Amino acid sequence: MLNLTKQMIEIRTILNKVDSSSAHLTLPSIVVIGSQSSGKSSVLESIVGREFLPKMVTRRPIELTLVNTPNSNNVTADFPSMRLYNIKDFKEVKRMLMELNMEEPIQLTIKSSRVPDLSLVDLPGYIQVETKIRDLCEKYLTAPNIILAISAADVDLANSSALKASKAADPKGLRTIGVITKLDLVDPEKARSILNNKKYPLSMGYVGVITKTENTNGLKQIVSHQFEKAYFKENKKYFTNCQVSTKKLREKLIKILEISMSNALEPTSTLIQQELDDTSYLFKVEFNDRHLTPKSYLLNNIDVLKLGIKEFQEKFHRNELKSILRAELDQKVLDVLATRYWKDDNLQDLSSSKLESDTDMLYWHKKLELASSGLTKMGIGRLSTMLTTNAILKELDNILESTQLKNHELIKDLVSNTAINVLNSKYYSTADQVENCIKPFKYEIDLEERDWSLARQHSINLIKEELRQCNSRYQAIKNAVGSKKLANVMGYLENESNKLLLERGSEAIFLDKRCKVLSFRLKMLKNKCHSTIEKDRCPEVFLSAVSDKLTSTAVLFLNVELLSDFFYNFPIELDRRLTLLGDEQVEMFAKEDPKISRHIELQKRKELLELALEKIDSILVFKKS
Amino acid sequence: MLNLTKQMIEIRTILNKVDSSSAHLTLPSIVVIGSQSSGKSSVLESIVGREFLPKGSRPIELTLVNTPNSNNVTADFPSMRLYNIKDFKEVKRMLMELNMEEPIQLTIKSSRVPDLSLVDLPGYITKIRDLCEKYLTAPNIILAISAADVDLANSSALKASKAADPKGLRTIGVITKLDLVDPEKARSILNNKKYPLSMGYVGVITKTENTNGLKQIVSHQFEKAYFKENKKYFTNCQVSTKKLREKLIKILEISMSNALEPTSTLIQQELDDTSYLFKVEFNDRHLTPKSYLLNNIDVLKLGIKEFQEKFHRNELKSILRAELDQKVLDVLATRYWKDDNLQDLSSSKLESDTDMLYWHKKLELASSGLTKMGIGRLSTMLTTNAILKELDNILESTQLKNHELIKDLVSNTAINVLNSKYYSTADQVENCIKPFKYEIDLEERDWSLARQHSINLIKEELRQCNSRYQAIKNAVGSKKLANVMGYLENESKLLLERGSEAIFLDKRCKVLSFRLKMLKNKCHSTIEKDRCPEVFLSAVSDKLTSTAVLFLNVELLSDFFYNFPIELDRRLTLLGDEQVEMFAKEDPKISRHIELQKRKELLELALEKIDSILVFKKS
Amino acid sequence: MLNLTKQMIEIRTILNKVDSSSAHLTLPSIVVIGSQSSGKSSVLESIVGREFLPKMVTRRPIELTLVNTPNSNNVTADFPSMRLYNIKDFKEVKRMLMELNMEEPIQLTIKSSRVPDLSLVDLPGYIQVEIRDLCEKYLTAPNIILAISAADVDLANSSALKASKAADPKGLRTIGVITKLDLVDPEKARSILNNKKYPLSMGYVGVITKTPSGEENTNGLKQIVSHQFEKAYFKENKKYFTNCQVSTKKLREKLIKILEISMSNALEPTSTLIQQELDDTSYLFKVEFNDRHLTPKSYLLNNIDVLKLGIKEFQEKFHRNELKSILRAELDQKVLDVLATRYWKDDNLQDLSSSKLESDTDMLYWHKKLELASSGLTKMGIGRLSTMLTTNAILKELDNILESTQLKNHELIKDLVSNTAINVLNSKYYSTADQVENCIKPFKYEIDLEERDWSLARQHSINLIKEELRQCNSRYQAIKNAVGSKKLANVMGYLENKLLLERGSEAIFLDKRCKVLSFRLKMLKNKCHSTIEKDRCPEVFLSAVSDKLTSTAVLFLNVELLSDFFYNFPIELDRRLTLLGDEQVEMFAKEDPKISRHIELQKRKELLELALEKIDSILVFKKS
Ligand SMILES: Nc1nc2c(ncn2[C@@H]2O[C@H](COP(=O)(O)OP(=O)(O)O)[C@@H](O)[C@H]2O)c(=O)[nH]1
Ligand SMILES: Nc1nc2c(ncn2[C@@H]2O[C@H](COP(=O)(O)OP(=O)(O)O)[C@@H](O)[C@H]2O)c(=O)[nH]1
Ligand SMILES: Nc1nc2c(ncn2[C@@H]2O[C@H](COP(=O)(O)OP(=O)(O)O)[C@@H](O)[C@H]2O)c(=O)[nH]1
């Protein structure tokens, strides 16, 4: 013979933590139901020995855990699902429960030397026949749970909603104890009649109580009992074969809960071992019994990414940076040529032999200057810098996608933001110094034959491709409209011959006109622009030559100020940013991937179920002795 | 040629301090009534020298005090303390925030200020009616304010003075806005044929921090020589704020000294009565609240010391065993009296195993049922209540029987002291109890002793049962309910319930009777006749108690009786001056005591003052 | 050559500080307009590179100044039109713009090494034209119009392009910008840009400022992301966008280029406007204030000195007996009223002409008649009278000195001075008041009066009647000015037993006093000559006795109140003036309208000179 309800309540509360399980339901609890004003709060406060229950309607279920604490002469409260502990003032507790109703069971624990080791549930706002109410009656009123029906006595037992719902939840009254309140408001003759009832008979009988009337609130319950005890000692003979007073209920609940919880110990062990055996298989199959620490997972996957960036570092600083850059400046040259040269009516004049010393010989010399300045004073500093920045940021996205981090968005953003944070710190340093080192190209260059030659081959290839893009777009209209139907629209808009159709036709004219321009220029580049300082009024070659000088000088200052510094500092910064993440964030970050969430959640269950079972089995082995 | 107004005002002030007296009302005060939005505020603010009325950003009991070397102008609110308001902006707020028959007692102190007492009744006059009688009818001087722009022949503020004083002495007239009206019509206003007053009439004008003291000097300079520039247009007249003030000063001097003779009379009349009441009801015995509280607490402290002696011993042992007696009965009902085989326990010799086993098992469950019941907790709480109960008895026997606030402080500090030791006592008791949780020992000395107890315990139980049983016979019928009893045995309102109770009481009395016979003759030998539950349970109850009562005195009692006086004393010192008066005034006779002696002291102070002034004023 | 937009926008901001000019008007700014939900706030935020516009109702326009601050990677915002500078948190910028909408333009400036040098005016949403009193004003003068139009909407139905023709027929100062190019076919997009209904010289720009998918706004990420997608679409659809201007990059490039051309061309006419505006303001300054500068603080102090001068010049002269006379005026009026309050209403006043009395009771009745009269003037309460008289004398005279100075138009200063003066005088109130009643102790009786004092006494008492009963009778002449019937001796009788019945009672009182003073006049002149022997004329015994107290009264008025005032008043004033803040002094000075004009005119000249030095210099360089 030994009382282990303290331990059994720990098991129930442990099992209450396993996500969606009928395991905790197998361990009974004393559920309290009673009409509003039937004295239900009064009988509860009597068990606790203090006031804390506020008396609006539908206060919402209160999962009350009474825990006996040695060396604690005072009464304390704890709302764990809010990390609130050792509340010595019960007025605060009373208003906390009021603040909460402004179905979710309030997790509140009471700890004191006076209090017995119990588990109770305060079911509030009743039903007098006339959905959410249906849910609580299934969740709390069923299972092995003991029902405490609070009857007021100054009410007929057929009229009480408490006993009516009790028979509905039962009947036969095997797991129902009926408490009869306001025993003082009825003659001891009828009081004994109500208790020894025969309409609503219960296995765990009836208890008759009187509960009316620390120092201000402790003495309150002492005064209340003095009166209750008085009435019962005086009317002793009137209450033959009767269970009466607060003391006898505390006594009853203690006896019944021990019987109830321990009888449910073998059923719960079977059910736990059952869920524990299913959950072990799932672990060994989906995740091959591998333990997963979230902060570890997080850090190890960052090491992989940090490795990926070292691999990118290896194959980038090179002519690859020249390529990304020159490709952008190639497009600027093409724009400089269209906005200046290509639209000019006398563009054919450059292909001619004769020249007029003053007016026309200087016209092209001036044109070539503001075309060159247009490109050199364009903004190479910001361009180069903001170009190579996107390049890194983009390759980072590729590295992130080629790793397990492809499933974690919150991590991916951390990496991306911290990457741009690193890059930004050197934006000005890079951009400004790049502009300063590209100034010698802003006003003519003393280029060698070698420089001029390389530029010429590139310019030919540039215009080759530019012309091939225009012809294809011209042929695109030629086929989509009709070879002949095209000439109809073109000649009409031109007015040399005769809505949606005219748009295609007008475009086709521009393209027809462009190709002619690019053709007489491409042909010239191949047949004429051979000399350096002499053939200088060959824009395509000169512009490409200055852009070659601009690119090779920019890529060197991009490395020194931006590239090198990023590769060193980014890992160091990334690590710093990770250590800033609290345990909470890290779990959420890792739980993004549903496979990893599934992983985290399954082991949390396994460990909790293992904890419950160990406690149960050690108790069972002892109980079998 | 002395102006003892400062003292006469002082006398009026302290006579207003007495709970219920018409002595202060005898002493005159310049009551002011004026036309609403005319300039009722402006006229008063001029007398003082600063702005304060909430009419610009209920009745104000204004008390002007002349103070030496106080070049600055300060304000007091004796009812709200503060006592020094330099900046008059917060005074303006104070009169507006307080305005959200009650007199606002405001005091103004400065060297510019003359010695005067005034009352500011708002605008024109169940509430309005009382203000008209309370301050105007009495021997208090009246002042009327209006506006020159509105009808001058029709003045409600002057009409109210005519209604309260038709063709009377104590009245002073005031006319404002003299800049808007010509000096001709204003000449007929002062020496009027319509409303003549023996005190006189005066004409003035009030238009347009010390920026507020400059504002009064601007408005005074505004029309200083205006009364000079047209001397004939105002000859045989009382003109300017300077002479108005001089008038209020000299009239009050006489008015207050006129009323000084009947007041000294009425004071003595109301003092001889109060000194008679003190002589008859209290016998001139003085009452200091703090002293009364401490002296009565000392009496209570002694009552606890006297009880400490008459407690513990067997007196504590008796209460504990009586509660254990009830548990033995409850254990016996739950494990014996509701069992058919109860006779088998005596009648014949038990079987070789099964029958001996069952009855030996039953006393083990019953013993554990008693020992593992929760004695520690039970014991502690029994004695805890015992102290609180006796504490109330000591309280009701004393002078504190009328003082609930104290009774609660006492009952609270006691439970706090007892609570301090609850765990240590209960736990200690549960330890000394454990060696009795599974032990079949003792001797015939305590067995024969517990046997005799078991007889008497079953006896009084049978008595109470028979009584209740035979009492239902009277309520229904000896042969009437007897037939109704048999009606429930074959089928196996009030009468069906009373019958079902009687069926139980019948067999129970027969159950206790056969058990009583057993205990008498059969139960005798110690450990041999062990299966005599009522005896074994009485033996264990006598041990449980004896051991418990020892640690109840060790842990709980000794510490209570030592520490409780110390903490009670500590808690009383934590009471404020306001608390002490409230705690003591709870008894109506004690409230009467203080109320009377407060009036007595104040009336003696007024008289000693008023008398000495009369000795001077006659010479 | 160089791009002096940064310097040109600095000039435009100065020209926005001159309270009455069309100077800033002649310098270009990019006025942005577009229908609600067309990407107007989205295009501005792409240039800025940070989210800053609130998304509340969009009330008053935003004067958006963009400063390219070197070494500042971090994008910071400042609200110059309030004391709020380098704001790092753009949430607070968003909510400040929102708070400022709870019709002047909102002065907001963005600083960064990323942000270009640009002037922009964010005009309210919808731009329907219908009301648009802001649009008419801002879309005119030399200003570039940026017409934000969404591609998903027909160009003919665009609110921005409509107003652009309504303000600029022929697109000579309008840049068309077509947003939402991602909600339109690239062939149709090229169609919108290569328009013919609304063709513009400045061009059309196709943009995509779509956010594709929380420190994302702290850095330039959200923005980088939005551009990366935009750059993708125009690289993929490069083939379709032939002879088109596409991307935010090209728009930012265009805005920078165009603004330079615009601002530099508009520079030359603006200098001509500033030069005239300065010449006009310099002229007024020469002709109104002979080109003399004004320092509000210096001005006030200098005028205070002139005021402090008057008090010193008033101190030396006004002491002697000039105050003693003002005290004699308000003390002889009490010798006048000692009789009226007592001695006058006596019927036995006549029998003293006979000079026959009884040694037992007749010689006792007239002795205590003068003991009550001698105490009715010595216990009168002159302390408060003399002190507050002199206090008010000093106070009135101070206002005179203030009108005598330029301080006549500044009331706040006039208050400050008078407040200080009364405070200084207050600190000596009781001290003086008590000293006037302390020195009057043996003078409360009559032993102090001699034969020599009686000389001026008998004569100044007949001279008392002289001036007073002539000026008081001059006002008795003021009644016969208005009118006439009267009748006229009969009114007095039927009263003795409407309007004129009131003067009948006035006349009956005057008749009594006119005879009562006269039989005294004919007697006291040739009756009482002796000092100790003759003691029955109160008029001669009190008119000089009050003035014998008056002589002893001005002495202690000087000792306590007067000496201290003249000493401590400049000291306390100088102290009280230091307390005044630079904001308070400007407000105190700006009380006079001529001074408030002076301050404004020289401030305008200063700003105008500042701006011109900058314009003229830029022009010299540009003309080379
Ligand atoms: N007379 C009497 N009143 C009681 C008793 N028990 C509870 N009450 C009163 O019943 C009233 C309302 O019930 P309450 O205690 O709030 O419990 P509820 O049923 O949760 O509302 C309170 O005012 C209690 O004092 C009792 O046993 N006797
Ligand atoms: N011109 C002039 N206005 C006065 C005079 N007396 C009072 N007032 C005006 O009366 C108005 C309101 O009266 P107030 O002084 O607030 O006293 P209230 O009657 O308590 O409201 C103010 O605007 C005053 O300026 C006066 O003698 N001359
Ligand atoms: N698809 C697409 N949406 C855009 C584009 N530009 C802006 N938006 C969206 O257009 C909506 C309203 O535009 P907003 O910038 O507020 O224009 P405003 O109302 O004229 O200031 C916003 O929800 C933007 O996300 C774009 O270029 N493409």
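Going from the start of the chain as shown, residues are counted 1 onward.
Including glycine, each Cβ sits where the backbone N, Cα and C put it.
As given in Swiss-Prot:
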BINDING   A:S41, A:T58, A:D122  Mg(2+) binding site
DISULFID  A:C529-A:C538  disulfide bond
DOMAIN    A:532-624  domain 'GED'
REGION    A:34-41  region 'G1 motif'
REGION    A:122-125  region 'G3 motif'
REGION    A:181-184  region 'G4 motif'
REGION    A:210-213  region 'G5 motif'
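The distance from the Cα of A:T58 (Mg(2+) binding site) to the Cα of A:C538 (disulfide bond) comes to 89 Å. Listed recorded positions: A:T58, A:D122, A:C529, A:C538. Those with a CB under 8 Å from a CB in chain C: none.
Neighbour density for A:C538 (disulfide bond): within 10 A of its CB lie 24 other CB atoms from the protein chains shown. In this structure the alpha carbons, written CA, of A:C538 (disulfide bond) and A:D122 (Mg(2+) binding site) are 93 Å apart. In the three-state DSSP scheme, A:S41 (Mg(2+) binding site) is classed as helix. Gap between A:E130 and A:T131: 9 residues not modelled, C-alpha separation 11 Å. Other than A:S41, A:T58, A:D122, the residues of this chain whose Cβ falls within 8 Å of the Cβ centroid of the Mg(2+) site are, in sequence order, A:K40, A:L53, A:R59, A:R60, A:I62, A:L123, A:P124, A:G125. Among the recorded positions A:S41, A:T58, A:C529, A:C538, the residues whose Cβ lies under 6 Å from any atom of ligand 1 are, in sequence order, A:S41.
Distant neighbours of the region 'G1 motif' (A:34-41): 53, 55, 57, 122, 125-126, 148-152, 155, 160-162, 179, 181-182, 209, 211; these residues of the same chain sit at least 6 beyond its ends, with a Cβ under 8 Å from one of its Cβ atoms. The secondary structure of A:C538 (disulfide bond), as reduced to three states from DSSP, is coil rather than helix or strand. In this structure, the C-alpha atom of A:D122 (Mg(2+) binding site) lies 97 angstrom from that of A:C529 (disulfide bond). Using a 10 Å Cβ-Cβ cutoff, A:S41 (Mg(2+) binding site) registers 22 neighbours. Spanning 3 unmodelled residues, the gap from A:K55 to A:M56 amounts to 5 Å when taken between Cα atoms. Between the CA atoms of A:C529 (disulfide bond) and A:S41 (Mg(2+) binding site) there is a gap of 103 Å, rounded to the nearest whole number. In the shown protein chains, 13 other C-beta atoms lie within 10 A of the C-beta of A:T58 (Mg(2+) binding site). The Cα of A:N498 and the Cα of A:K499, which border 9 unmodelled residues, are 16 Å apart. Taken through DSSP, the region 'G4 motif' (A:181-184) splits into 2 helix, 0 strand, 2 coil.
In the three-state DSSP scheme, A:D122 (Mg(2+) binding site) falls into the strand class.
Each residue in the domain 'GED' (A:532-624) gets a DSSP state, and the totals come to 80 helix, 0 strand, 13 coil. Annotation note: A:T58 (Mg(2+) binding site) sits in a coil segment as assigned by DSSP. Gap check: A:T213 and A:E214 flank 35 missing residues, and their CA atoms are separated by 16 Å. Helix, strand and coil content of the region 'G5 motif' (A:210-213), in residues and according to DSSP, is 0 helix, 0 strand, 4 coil.
According to DSSP, A:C529 (disulfide bond) is assigned to coil rather than to any helix or strand.
Other C-beta atoms found within 10 angstroms of the C-beta of A:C529 (disulfide bond) number 22, with every protein chain shown included. A:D122 (Mg(2+) binding site) counts 22 other C-beta atoms within 10 Å of its own C-beta, drawing on all protein chains shown.
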